[PDB]
């Protein structure tokens, strides 16, 4: 069965995961209690303006292949995938006001809290994610933290289908 996150419809296409609650420490030193998915899984992500295929494991993005209508729509998909990955570099990229601990009995979803944080401005997320050298795969291109294309380098695990 499918579920929506960040305006993408997710469908699990392979694998499985078990759940473990973990109290992580954000970059601005707040505690979030997140349900960590442990396992090796593949998802499709279908949005109104971008599509992606995500392979991930426990708190790790392994591969994301993305297509979309413009740079902004591609970036939107990437930010959703980087939060959904639950990666420590994404948790440590949170900056600014302590606006996760301030909601009283609202009990907001920590994954949605993170997403709304990074949708505001993903520059620190992209700068801390990491880049790698890429193989030359015809029809695929790298995307750098400034969302410009590269034939040589890319955000770690991420490729754009031109």
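Numbering follows the first chain given and starts at 1.
With 130-138 and 90-98 compared on mean CA B-factor from the PDB entry, the stretch scoring higher is 130-138. Between 139-147 and 5-13, it is 139-147 that carries the larger average Cα temperature factor according to the deposited entry.
The PDB entry assigns the greatest CA B-factor among 33, 116, 59, 55 to 33. In this PDB entry, residue 67 carries a Cα temperature factor that places it within the lowest third of its chain's modelled residues.
In this PDB entry, the Cα temperature factor of residue 121 sits in the top third of its chain's modelled residues, the highest group. The entry lists a Cα temperature factor for residue 106 that places it in the highest third of the chain's modelled residues.
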